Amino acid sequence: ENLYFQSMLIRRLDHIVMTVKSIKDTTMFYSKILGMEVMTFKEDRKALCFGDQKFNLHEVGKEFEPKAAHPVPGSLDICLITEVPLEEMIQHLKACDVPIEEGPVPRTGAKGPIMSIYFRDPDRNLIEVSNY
């Protein structure tokens, strides 16, 4: 009954907690490479904002509770949609000397087929940047 109700109620990701070796290195990378906004909250916390979502950052050895059972840097494999044409994103990554691991390639998005490029962040998380 409640299973059925939840099946028809839309849900959305608000944020994810990313565990990193260095918050300084990660904030520098996401601000320069993807234009994410570096924000400070609760006086001692950092986040990367984009659109209506964010990444909360935890630094290895400085994690806040509660957290993932296994906070591991480099365990994330995420796909970000951008309205920026993928060709312009490729030009941007080449300019910033960020190697493109794969792409442009066709992939499956949540809402249908997407075009994607892949690259690594400082912790070797896999970042997929895509267009619908």
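Note that residue numbering begins at 1 and tracks the sequence as displayed.
Between 73-81 and 41-49, it is 41-49 that carries the larger average Cα temperature factor according to the deposited entry. Of the two stretches examined, 103-111 and 82-90, the record assigns the greater average C-alpha temperature factor to 82-90.
Reading the B-factor column for the CA atoms of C96, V60, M36, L57 in the entry, the top value corresponds to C96. Taking only the listed residues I23, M18, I117, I10, the entry reports the highest CA temperature factor at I10.
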